Amino acid sequence: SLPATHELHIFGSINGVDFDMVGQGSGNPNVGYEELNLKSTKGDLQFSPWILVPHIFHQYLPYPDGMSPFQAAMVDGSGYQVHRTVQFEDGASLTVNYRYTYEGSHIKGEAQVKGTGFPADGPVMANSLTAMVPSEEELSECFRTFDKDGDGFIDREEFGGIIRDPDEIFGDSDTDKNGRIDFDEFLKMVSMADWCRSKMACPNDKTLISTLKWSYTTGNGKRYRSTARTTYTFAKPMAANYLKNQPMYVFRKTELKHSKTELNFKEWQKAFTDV
Ligand SMILES: [Ca+2]
Ligand SMILES: [Ca+2]
């Protein structure tokens, strides 16, 4: 069967200090939704729990023409392994390895984390991260979309397609009070521009490679930029249709409520054939 519930044991080290978390979750494989609760087993996390997002279950992802390969591998039970490498702008690195076992519609996920080279005065060690937000290149494609006439500004009538007290919102947003929304006024005004895009490719019938560039927002209102490369290793060859319709794009949005000990997480996922 398709998944309905899941658990995660995520553990390892950030800057050589050990952490460990466990918890239960559920999700809806028809629409890509997941939710997860996690609790630390080794006291306070000494680093931003945001560093563990996006890392904290693609078995819940549907494709437009059926199951995703991740879903397919769970339904037949063969499964897959995941290796992810992450590079941050300040030279820090984080890796994650995943393994899964299945019991009907229940997923047991094990995620092993190694993070190094985070400056002690940087936004990870300082608990300064507040959200996961798309890359500036991605937020730009979003801007240029609403900018229907190609002038490089969002005007009052083109600000319609956003909303879809509207005269006030547009008023507030236009900081430089020059009668229209520029890209920086946009980049400040950020609701539903939070969809980070992954690009997916299949080098062979047993491998899928996913690439993602994004940014955390900090407490000082600055951007912490990161890039990721994720390698999916399938136990049995993927069905032919997956190899033919490559590349694939997956838009994802995430939500985290956290203390220093507990994480409550949500994720939404939408696959497309175009970018
Ligand atoms: Ca325009
Ligand atoms: Ca303006």
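We number each residue from 1, following the sequence as shown. The figures here come from the full heavy-atom set of this structure, side chains too, leaving out hydrogens, waters and symmetry mates. One-based numbering, in listed order, for ligands and for the atoms of each.
Shown here is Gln81, whose CD atom has more than 12 heavy atoms of other residues, nucleotides or ligands within 6.0 Å. Counted within 6.0 Å of CG on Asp121, heavy atoms from surrounding residues, nucleotides or ligands total 12 or fewer; the atom is thus considered open.
Nearest to the Ca ion (ligand 2), among the N, O or S atoms that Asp174 has, is OD1. For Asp149, the N, O or S atom closest to the Ca ion (ligand 1) goes by the atom name OD1. For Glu185, the N, O or S atom with the smallest separation from the Ca ion (ligand 2) is OE2. No other N/O/S atom of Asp176 lies as close to the Ca ion (ligand 2) as OD1 does. Considering just the N/O/S atoms of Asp147, the one nearest the Ca ion (ligand 1) carries the name OD1.
Ion pairing between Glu141 and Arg197 holds under the 4.0 Å rule for side-chain N and carboxylate O. Between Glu267 and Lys253, none of the side-chain N atoms (NZ, or NE/NH1/NH2) sits under 4.0 Å from a carboxylate O, so this pair counts as no salt bridge.
Coordination check, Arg180 versus the Ca ion (ligand 2): passed, since an N/O/S atom of the residue sits under 3.0 Å. Among the atoms of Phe153, an N, O or S atom is found under 3.0 Å from the Ca ion (ligand 1).
With hydrogens and angles left out, the side-chain atoms of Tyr216 and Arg225 include no donor and acceptor closer than 3.5 Å. Under 3.5 Å, the side chains of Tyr80 and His58 contain no donor-acceptor pair of N or O atoms.
Around the Ca ion (ligand 1), the two atoms OD1 of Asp151 and OE2 of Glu158 are separated by an angle of 120°, to 10 degrees.
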